[PDB]
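Okay, so here's just one chain, in structure tokens, the form deposited in one PDB entry.
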């Protein structure tokens, strides 16, 4: 099986450039302003010019500004980015029937049945990069290999505006040399539990006792890593159906005073429902992020779809179940809906 992965380059920042070309060349930083105070919030993403100087996703807007005080700072426009993405995705649907839309800027194409070797694949990759750059003037990076995991790793090494293939021989090379932390699905917390069992490479996972690994990272991660080490990872490019829609917002100030919180929670529901658009959820979860940034959540499932009026009522019941079973103040309150009919 041959996999072709497409990962839009610095997408949010790039889509902004596409709507205001004058931005090209200058460092652009797309922000998520929180509103607690002047320039509060974090950076959603920055084009490469900005990244060169330490301005990247996650860093507070404040700091980003100390580094590049004269950069173009723009407020995130998800809706807009979403629509461009949809279009770009529909372009990809013309290179394969089997397409997996991982995120707003990532899709996997099963091009086994469309090409035969990595040369023919690699060409289709360029044909794809072009079609997109033509129809939407957006640069992307393509990853090609035997499975989704290594396809993605290709793209990771190539971006931006790149394209790379990882043949069966190199997959084996990487199984030995690639830093296990640079494997899709292995975040910091898990990297540590590993880049700690002497497991700093994929291959290493085959030499340790299974149970030891399982006990540390979990049965699922353990099997995931093992299978990759053995070169038997072949997940199918399946269609992902969104399974939950929600919205969580930052309050002007921390609190555990029910009335004071109600407005924010209702705004979250309002927006949540607008986003649900026709989808009917039989499950609701009130999510709270405390002052010390921990996550607390209570939810209920109904044998029927939830009406917005119901959402409102039950949410308050859940927010109360939170306030009662926790004594920490709350900083962020939101809601999340699932189990669509």
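Numbering follows the first chain given and starts at 1. For the two forms, the rigid core is made up of the largest set of C-alpha atoms that agree within 1.5 Å on superposition.
Just so it is clear, the following notes concern the form deposited in another entry, a form of the same protein that is not shown.
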Which residue, chosen from 190, 112, 96, 139, moves its CA by 2 Å or more between this form and the one not shown under a rigid core superposition? 190
Large Cα move at residue 156 between this form and the one not shown, threshold 2 Å, rigid core: no
Core-aligned CA displacement of residue 15 at least 2 Å between this form and the one not shown: no
After a core superposition, would you say residue 78 shifts its C-alpha by at least 2 Å between this form and the one not shown? no
